[PDB]
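Here you get one chain, nothing else, as structure tokens; it is the form deposited in one PDB entry.
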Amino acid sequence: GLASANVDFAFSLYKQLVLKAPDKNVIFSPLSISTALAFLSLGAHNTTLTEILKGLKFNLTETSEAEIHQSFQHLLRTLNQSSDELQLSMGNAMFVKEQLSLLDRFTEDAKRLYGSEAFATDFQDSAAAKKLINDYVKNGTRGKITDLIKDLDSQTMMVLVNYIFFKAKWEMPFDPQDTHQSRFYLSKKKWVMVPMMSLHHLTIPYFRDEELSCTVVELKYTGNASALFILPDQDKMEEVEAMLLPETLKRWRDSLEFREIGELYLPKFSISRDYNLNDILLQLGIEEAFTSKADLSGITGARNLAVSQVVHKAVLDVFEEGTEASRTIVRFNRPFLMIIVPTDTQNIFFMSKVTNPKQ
């Protein structure tokens, strides 16, 4: 039940992000954002929890919030049970105002269920608070993400931080010695220089949608997950987005057939963007938690705090041998989509839109 809900929440979020940036590169981790939203919900009460759960398409008449938290904990445990071949490390955390005492029980619950940890933050002199949070997140990851918080307003009650960095290896690793510097077409007559990677005489799932005007190819990773690449035709990406639904993702994954594709070309890009989810989540359907009426009695027990900044950065590398690199012709010289899902169940690890690989 959690899979479809996560897909729907992720995809509405992606639609809103596109609405806020029609052509800019889009990258975000659906699983991390959903987990952070549930982490925020862990301290919610009254109608704030029901509003946070109206998002992500949770039908509360059937599924309760406790089962949702249990399912999230189970998913995190399963992901952390994976071996070194595939690792998806996400470590989102929430920062609390130091002038108001945090709840010890909530800290224990966060540590035991979502693995996140929270502490009092010296938000006085926010110029120093930016340095503190940046140092914390730099110590957290190995160094993938830096300068996560762009700025902090004076006397911000709360900030929510969500970060992720994928680490996987292609099932069919690209040969670095065959990487060619070719042209990537921004538009009909606009192109930019970016390296692309090539293969030959390989068999991957492939589907051409003659009724949706797009091409989808599946590239799998050495672990239990895989990636979906979507290559819409020229001047048809908006139609693809308009007719893009989980109803379509289901059909795509149930219509992936192996094909003897001659050559496949994929850009060598490592997208990395930060996203402030204030207005995005406000338009998504959660509003009460941001306007000094959060009623987050689980956080401290005094409803005196509201979330002010939900800033997310999802970093990801598409290189020859996966992250941190050391017949039918398919060429990704056009703006294209990217969906990363496990094969066993539908759940979007990463959803991306690439338009200008140079940036």
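Throughout, we count residues from 1 along the sequence that is shown.
The same protein also has a form solved in complex with a partner chain, omitted here; what follows describes it.
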Every residue of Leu88, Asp233 and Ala325 near its partner chain in the bound PDB entry, heavy atom within 4.5 Å: yes
Exactly one of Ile68, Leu49, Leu305, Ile27 comes within 4.5 Å of its partner chain in the bound PDB entry through a heavy atom, and that residue is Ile27
Tell me, which of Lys250, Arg142, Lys111, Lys150 has a heavy atom within 4.5 angstroms of its partner chain in the bound PDB entry? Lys250
Candidate stretches 222-230, 122-130, 94-102, 276-284, one within 4.5 Å of its partner chain in the bound PDB entry by heavy atom: 222-230
Please check if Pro173 has a heavy atom lying within 4.5 Å of any heavy atom of its partner chain in the bound PDB entry. no
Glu241 near its partner chain in the bound PDB entry, any heavy atom under 4.5 Å? yes
Please run the contact check for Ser272 against its partner chain in the bound PDB entry: heavy atoms, 4.5 angstroms, yes or no? yes
is_contact(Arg259, its partner chain) in the bound PDB entry, heavy atom dist at most 4.5 Å: yes
